[PDB]
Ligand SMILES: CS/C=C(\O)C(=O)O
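Only one chain is given next, in structure tokens, and it is the form deposited without the ligand.
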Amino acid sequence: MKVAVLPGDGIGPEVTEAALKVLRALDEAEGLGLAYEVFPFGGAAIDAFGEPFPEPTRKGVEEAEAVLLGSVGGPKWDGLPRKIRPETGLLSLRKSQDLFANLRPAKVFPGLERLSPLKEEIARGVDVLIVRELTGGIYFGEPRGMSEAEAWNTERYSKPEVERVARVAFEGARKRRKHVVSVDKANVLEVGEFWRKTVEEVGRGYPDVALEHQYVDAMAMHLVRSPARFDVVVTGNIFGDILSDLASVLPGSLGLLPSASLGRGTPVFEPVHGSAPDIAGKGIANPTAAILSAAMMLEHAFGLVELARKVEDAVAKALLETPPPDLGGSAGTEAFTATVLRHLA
């Protein structure tokens, strides 16, 4: 399995190396035939090549089977031309691979219900995967405009756009608890009804997965009242943008969440947290998100679901045994990693 590693800035190199230690560990244990190469990306790239996404890196992601991203950005590059900002290189990466779906999981690990803003009774068992459509919708819809007296934006969706995001959700659900919930506003909007119709049609080719439909406003209530009753949730751009964020607060710590973007090209797996440059090089950076991105990679890029679950149970234990500083512990990056490996056998 070929993996393109883009460490990035700040704590990127530390947390990414933590994930590689787990991957290499598994490779020796199962002979995965893991082959990887690190490439410049982000600020490091701007400083070394002048562009956040240099061509050798573009070639690297093109030839790779998966991308393990670290963290990009930093105050140092914020005051630069947009076309060359680290954030831009990130957008370019997604375009080059035609990644149309964004996977954002939110789970409350056993024993960590205390961190959730929700009552332990309700926070317990949460394990939801929000699949958000990234390319279409109101964010890119036309016509759009603004004048001194009015403003307009269009929520538009074509059948192919809905069909493809819907497919990654079903395919993604088979790997989990085989239950998908499609969110829309069908009872008021034409786009909603169209979205509902299409997903219901698409589902016919997935008899082993159960499909359910819900209105965005109702789903917002459910995520706070009974988030644990959901598995895979698929929805539009703006709807998925709101819902992903809502669900992300559930665990009570942004530092533990990974994410992935799927499409026609090479998949991208990355931790949701920033680069935290002021902590770079001290150790202490919580590698959880990075290791979980490694797990996401195994599951979605290579189908090694059982191995992904193994790494997941490993970090879960690690969090309780040697809590990272952010969870009130004192275990540095290496310390935490060691514990994870300790449970990877």
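From 1 onward, residues are counted along the sequence shown.
There is another form of this protein, the form solved in complex with the ligand, and it is not shown here; the text below is about that form.
### Task
Would you mind picking the one in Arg164, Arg124, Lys107, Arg94 that has a heavy atom within 4.5 Å of the ligand in the entry with it bound?
Residue within 4.5 Å of the partner: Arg94.
### Query
in the entry with it bound, which of the listed residues (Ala247, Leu262, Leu134, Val232) lies with a heavy atom within 4.5 Å of the ligand?
When the ligand is considered in the entry with it bound, the option within 4.5 Å is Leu134.
### Contact stretch among 114-122, 266-274, 200-208, 149-157 - heavy atom within 4.5 Å of the ligand in the entry with it bound
That would be 266-274.
### Query
Does the ligand get within 4.5 angstroms of any non-hydrogen atom of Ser182 in the entry with it bound?
No, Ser182 sits far enough from the ligand in the entry with it bound that none of its heavy atoms falls within 4.5 Å.
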